[PDB]
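A structural model of the following input is requested.
(2 chains)
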Amino acid sequence: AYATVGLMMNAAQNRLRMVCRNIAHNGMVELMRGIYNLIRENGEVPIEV
Amino acid sequence: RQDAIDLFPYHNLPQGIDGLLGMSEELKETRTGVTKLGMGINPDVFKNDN
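Numbers count the residues shown, from 1 in each chain, chains lettered A, B, ... in the order given. And now the structure:
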């Protein structure tokens, strides 16, 4: 995304970019999937059409 | 006297510790593709290094 100059090829930045990608796929997506089911299974919901 | 107290003669460190600690660093960084400062790959370059 910054191939202009900020080419990101630092093993330090990538051994960090790994940890956030873990938090995304082990954590955040399973919270969303968690909700979407929980909501999809109870109550009555409106939408401002 | 006046020569009655003097710092005990501790050894120096060795020149070799220094240099070999040196070599090992690079030997990791050539028998494996890891380098503490270098840029990583992407799918694109995995598919086209150009």
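
So which residues on chain B come close to chain A?
B:34, B:35, B:36, B:37, B:38, B:39, B:40 (CB under 8 Å from any CB of the partner chain). Any C-beta I mention is one placed from the backbone N, CA and C, and that applies to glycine too.

where's whichever residue of chain B sits closest to chain A relative to residue A:14, distance?
Across chain B, the shortest distance to chain A (CB to the nearest CB) belongs to residue B:39, at 0.9 Å. When distance is defined by CB to CB, to the nearest Å, residue B:39 is 8 Å away from residue A:14.

which one of the residues of chain B next to chain A has the most neighbours?
residue B:40 (18 neighbours; other CB atoms under 10 Å in any protein chain shown).

Now do the contacts for it.
Applying CB atoms under 8 Å, 6 or more residues apart in numbering or on different chains to residue B:40 gives the contacts A:8, A:9, A:10, A:11, A:14.

Ramachandran angles for it?
Per-residue torsions, residue B:40: phi -90, psi 170 (degrees, to the nearest 10).

Compute the number of surrounding residues for residue B:25.
Residue B:25, neighbours per other CB under 10 Å, totals 11.

Now do the helix or strand it falls within: distance to the chain's middle.
Using DSSP states H and E, residue B:25 falls within helix B:15-31. Chain-centre distance of helix B:15-31: 5 Å, with CA atoms, centre = their mean, to the nearest Å.
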